[PDB]
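Have a look at the structure below before the remarks.
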Amino acid sequence: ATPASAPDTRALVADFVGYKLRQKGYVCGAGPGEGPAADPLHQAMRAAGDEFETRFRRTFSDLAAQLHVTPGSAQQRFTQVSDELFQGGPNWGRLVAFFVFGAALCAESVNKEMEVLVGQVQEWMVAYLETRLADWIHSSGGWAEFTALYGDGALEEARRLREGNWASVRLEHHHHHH
């Protein structure tokens with residue numbers, strides 16, 4: 001018994017984006033309350049998103065000013081940061097982090113009619129995914145671990161961890177003695 005799949009990974013992506021766009025302008029959908037779904041793809045995607053948004057408080061205004069001062073590049077910068085730390089870290093913390101970025105920088109580059117660069121950021125994503133992320137993914141299989149990851153447990157833990165190592169961009173210089 002091995003079910004098949006017609007849709008594509010790309011489709012799911014454009015879905016979260018397009019929906020997030022109308023979510024502010026013209027919401028369109030249904031009201032899932034007691035409708036058990038085999039593949040909690042949608043529910044899952046929303047969970048992660050709202051997870052980081054609920055975990056902290058004002059990541060937008062906060063991460064805005066804070067990350068503002070420190071000279072940072074565009075979208076490409078956000079990813080580079082995540083991959084920089086996640087470099088060999090199959091932790092969930094980087095999931096909720098790297099995600100909040102792709103999305104935020106997604107709707108931004110999209111709404112601003114900056115799709116040109118948008119398609120670029122994503123392309124790179126799926127690239128490294130099957131490149132070096134093909135292992136950590138093959139182990140858990142994918143969202144599988146995610147579905148059962150945030151099943152039960154304080155969220156404040158996942159954030160503090162993510163914003164902990166990430167926001168911990170503050171380190172100590174070197175000591176030059178003679």
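Residues in the structure tokens are named by chain (A, B, ... in the order shown) and by number from 1 within that chain; ligands are numbered from 1 in the order shown.
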
Requested in this report: Within 12 Å of residue 51 of chain A, counting only C-alpha atoms, which residues show up once you throw out same-chain ones fewer than 6 positions away? Write them as a list in words, please.
Outcome: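 Close residues of residue 51 of chain A: residues 43, 44, 45, 57, 59, 92, 93, 95, 96, 97, 99, 100, 146, 149, 150, 151, 153, 154, 155, 156, 157, 158, 159 and 162 of chain A.
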
Output N, CA and C atoms of each residue in that selection to a file, as a compact mmCIF listing (two decimals), in the first residue's frame.
```txt
# COMPACT_ATOMS: atom_id res chain seq x y z
N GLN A 43 -2.94 22.71 6.77
CA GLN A 43 -2.92 22.93 8.22
C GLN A 43 -1.48 23.07 8.73
N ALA A 44 -0.61 22.20 8.24
CA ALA A 44 0.79 22.21 8.63
C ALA A 44 1.44 23.54 8.28
N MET A 45 1.37 23.91 7.00
CA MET A 45 1.96 25.16 6.53
C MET A 45 1.53 26.33 7.41
N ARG A 57 6.56 37.90 19.76
CA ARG A 57 5.59 38.96 19.94
C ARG A 57 5.51 39.83 18.69
N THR A 59 7.99 40.19 16.04
CA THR A 59 9.17 39.86 15.25
C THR A 59 9.35 40.84 14.09
N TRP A 92 14.71 21.71 14.20
CA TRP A 92 13.46 22.32 13.78
C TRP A 92 13.53 23.85 13.89
N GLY A 93 14.35 24.33 14.82
CA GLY A 93 14.49 25.76 15.02
C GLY A 93 14.72 26.51 13.71
N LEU A 95 13.77 25.54 10.92
CA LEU A 95 12.60 25.35 10.08
C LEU A 95 11.67 26.55 10.22
N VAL A 96 11.31 26.85 11.46
CA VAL A 96 10.42 27.97 11.74
C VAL A 96 11.08 29.30 11.40
N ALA A 97 12.41 29.34 11.48
CA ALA A 97 13.16 30.56 11.17
C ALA A 97 13.22 30.79 9.66
N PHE A 99 11.83 29.66 7.41
CA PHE A 99 10.50 29.74 6.83
C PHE A 99 9.94 31.16 6.94
N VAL A 100 9.87 31.67 8.17
CA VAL A 100 9.35 33.02 8.41
C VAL A 100 10.00 34.03 7.47
N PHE A 146 7.77 17.14 11.00
CA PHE A 146 7.17 18.43 11.30
C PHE A 146 5.74 18.26 11.82
N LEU A 149 6.03 17.05 15.01
CA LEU A 149 6.99 17.86 15.75
C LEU A 149 6.28 18.83 16.69
N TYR A 150 5.45 19.70 16.11
CA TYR A 150 4.72 20.69 16.89
C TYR A 150 3.37 20.14 17.36
N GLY A 151 3.27 18.82 17.50
CA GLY A 151 2.03 18.22 17.94
C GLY A 151 1.64 18.67 19.33
N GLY A 153 3.49 20.53 22.88
CA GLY A 153 4.64 21.09 23.56
C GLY A 153 4.68 22.61 23.48
N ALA A 154 5.17 23.24 24.54
CA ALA A 154 5.26 24.70 24.58
C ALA A 154 6.00 25.24 23.37
N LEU A 155 5.41 26.24 22.73
CA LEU A 155 6.00 26.87 21.55
C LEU A 155 7.16 27.79 21.94
N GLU A 156 6.98 28.51 23.05
CA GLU A 156 8.00 29.44 23.53
C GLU A 156 9.40 28.83 23.50
N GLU A 157 9.47 27.50 23.52
CA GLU A 157 10.74 26.79 23.49
C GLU A 157 11.38 26.89 22.11
N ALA A 158 10.60 26.58 21.08
CA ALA A 158 11.08 26.61 19.71
C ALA A 158 11.59 28.00 19.31
N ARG A 159 10.86 29.05 19.70
CA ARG A 159 11.27 30.41 19.36
C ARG A 159 12.57 30.76 20.04
N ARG A 162 15.32 29.37 18.30
CA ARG A 162 15.57 29.96 16.98
C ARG A 162 16.13 31.37 17.11
```

Show me, as an mmCIF file with N, CA and C atoms, in the first residue's frame, the residues that have an atom within 10 Å of segment 115-120 of chain A when counting only C-alpha atoms, minus same-chain residues fewer than 6 positions from it.
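result-v2.cif was written with the following content:
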```cif
data_model
loop_
_atom_site.group_PDB
_atom_site.id
_atom_site.type_symbol
_atom_site.label_atom_id
_atom_site.label_comp_id
_atom_site.auth_asym_id
_atom_site.auth_seq_id
_atom_site.Cartn_x
_atom_site.Cartn_y
_atom_site.Cartn_z
ATOM 1 N N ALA A 74 19.684 41.746 0.396
ATOM 2 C CA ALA A 74 18.276 41.433 0.156
ATOM 3 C C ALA A 74 17.935 39.983 0.515
ATOM 4 N N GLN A 75 16.873 39.445 -0.107
ATOM 5 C CA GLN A 75 16.427 38.072 0.137
ATOM 6 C C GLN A 75 17.612 37.125 0.281
ATOM 7 N N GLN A 76 18.466 37.115 -0.738
ATOM 8 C CA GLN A 76 19.645 36.262 -0.754
ATOM 9 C C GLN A 76 20.376 36.307 0.583
ATOM 10 N N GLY A 102 11.540 33.312 4.190
ATOM 11 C CA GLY A 102 11.067 33.093 2.835
ATOM 12 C C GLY A 102 9.709 33.721 2.591
ATOM 13 N N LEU A 105 9.767 37.786 3.142
ATOM 14 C CA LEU A 105 10.461 38.351 1.989
ATOM 15 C C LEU A 105 9.747 37.974 0.688
ATOM 16 N N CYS A 106 8.834 37.004 0.765
ATOM 17 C CA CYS A 106 8.074 36.578 -0.408
ATOM 18 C C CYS A 106 6.997 37.606 -0.732
ATOM 19 N N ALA A 107 6.034 37.742 0.175
ATOM 20 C CA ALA A 107 4.939 38.690 0.000
ATOM 21 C C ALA A 107 5.463 40.092 -0.282
ATOM 22 N N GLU A 108 6.615 40.414 0.293
ATOM 23 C CA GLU A 108 7.221 41.725 0.097
ATOM 24 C C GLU A 108 7.643 41.911 -1.353
ATOM 25 N N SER A 109 8.527 41.034 -1.807
ATOM 26 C CA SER A 109 9.029 41.081 -3.169
ATOM 27 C C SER A 109 7.897 40.895 -4.183
#
```

Query raised in the report: Pick the closest to residue 41 of chain A from A:143, A:136, A:166, A:60: which is it, counting only C-alpha atoms?
Result: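 Ranked by minimum distance to residue 41 of chain A, first place goes to A:143.
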
Report task. Determine which residues of segment 29-116 of chain A receive a DSSP assignment of helix (DSSP H, G or I), computed from the backbone, and state them as JSON, numbers by chain. Result -> {"A": [41, 42, 43, 44, 45, 46, 47, 48, 49, 50, 51, 52, 53, 54, 55, 59, 60, 61, 62, 63, 64, 65, 66, 67, 68, 69, 75, 76, 77, 78, 79, 80, 81, 82, 83, 84, 85, 86, 93, 94, 95, 96, 97, 98, 99, 100, 101, 102, 103, 104, 105, 106, 107, 108, 109, 110, 111, 115, 116]}

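Here atom CA of residue 54 of chain A is placed at a distance of 20.8 Å from atom CA of residue 22 of chain A.
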
Requested in this report: Name all residues at most 9 Å from residue 82 of chain A (count only C-alpha atoms; drop same-chain ones fewer than 2 positions away) and give them as a PyMOL selection string.
Outcome: chain A and resi 77-80+84-87+94+97-98+166

Report summary line: Expressed in Å, the length from atom CA of residue 72 of chain A to atom CA of residue 103 of chain A is 17.6 Å

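With only C-alpha atoms as the basis for measurement, A:101 is the residue among A:173, A:5, A:101, A:133 that approaches residue 53 of chain A most closely.
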